[PDB]
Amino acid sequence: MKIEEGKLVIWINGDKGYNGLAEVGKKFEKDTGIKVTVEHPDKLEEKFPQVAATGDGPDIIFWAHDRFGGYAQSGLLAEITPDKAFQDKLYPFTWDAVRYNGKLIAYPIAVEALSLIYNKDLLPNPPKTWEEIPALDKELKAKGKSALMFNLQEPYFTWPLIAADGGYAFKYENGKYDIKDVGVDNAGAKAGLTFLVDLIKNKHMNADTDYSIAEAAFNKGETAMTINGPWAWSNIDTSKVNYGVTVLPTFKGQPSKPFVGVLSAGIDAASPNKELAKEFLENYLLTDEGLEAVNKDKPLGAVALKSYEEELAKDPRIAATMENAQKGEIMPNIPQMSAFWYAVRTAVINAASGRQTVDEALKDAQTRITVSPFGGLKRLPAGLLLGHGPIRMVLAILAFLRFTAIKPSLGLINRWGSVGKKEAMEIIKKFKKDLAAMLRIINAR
């Protein structure tokens, strides 16, 4: 939504406790008279880099830390410099997750990892291994039930199994990720995705199953197990299903390795409410009371705030969450992560639907990820400098030529003379908007 000075607009995912966040925003307005609006737009992580620094986006964006590296590379995030006093209140490993090229670029909020969730009434002792689940499903099927439903549309949920036997995103040693060494192709990844695919083939799961379908099934008591994060516990509580939260099953004796996200709050680089945002984040949200308000709505997991984390550590569900976290890996925050997640999402969906073989799917994913950094434009359109092409491109290259004090061709200046007054004026105004965004990003540094 359109940002004004003297107000705060926040984006969070629709699965997070946005209503509880709205409540701490209410206390903020009570004290400051500054209105806080919380929104949960669809595809906000894709949306943000598109509207950032223009004024059409939020002042504050919430998301797992993995996407913030790409934002920062674009310069879309304000640098966070909290006082050492505040920085001490949060676990250091959580600040690590939001540090990019020597700069802190967001506030860590909570650590989230997937767990195995099970119906204690249907399944008193959940399976310790993935390999046991087919026999278990056959057993539950005879009673009109299902062994396991979790959404297969999002790579976040299937990745833990794919990584169990040796799959990895980017090779990590010391403090660096090797963008040339991707592990989506290897034997471990294939074995993990193959087991998943066989699950579907043998009718133990359906390839179409998404978040909504899996949640409803578990919450209605139709399935004995699901895989989900702390945010899901609220709805399960409401359905009164007697459930347990535990360690994910092993694959080939090895733990499922979930990617660990740190839910983090970023401040838009061009925001005129930067001081406002930092006050809200530091002094209202990242407190025992602010976190409890959000956690009350939808559980955060293990909060980054030492004070409240120790208080919530007692909960067995959170201990299970943290146990899975230790067995998994903190997500890298590098820009290539976007390419990784996109390529792997395609591979899992294609393999699961029998659309491609496992080997075909993963080879494609690996190639797509390995080559992504080498992308970008390499040549201008053949006749752009001659004045050939869409009017938008032509006015853009004329702008380029003027910026660099270089004389345009005759074919190009003819287009400039021939363009309609209304057409050129709308196209340019957009350019003005782009230039203004660029200046705001540089100025915020």
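Numbering starts at 1 and follows the sequence shown.
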* Structure fact -> Once average C-alpha B-factors are taken from the entry for 169-177 and 341-349, the winner is 169-177
* If you average the Cα B factors in the entry, which is higher, 237-245 or 154-162? -> 237-245
* **C-alpha B-factor winner, where the candidates are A405, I397, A64, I60** => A405
* Asked: Sorting the chain's CA B-factors, does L386 end up in the lowest, middle or highest third?
  -> highest
* What third of its chain's C-alpha B-factors does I12 belong to: lowest, middle or highest? -> middle
* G55's Cα B-factor: lowest, middle or highest third of the chain? -> highest
* Asked: Would the CA B-factor of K252 place it in the lowest, middle or highest third of its chain?
  -> lowest
* Structure fact -> On the chain's distribution of Cα B-factors, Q326 falls within the third called middle
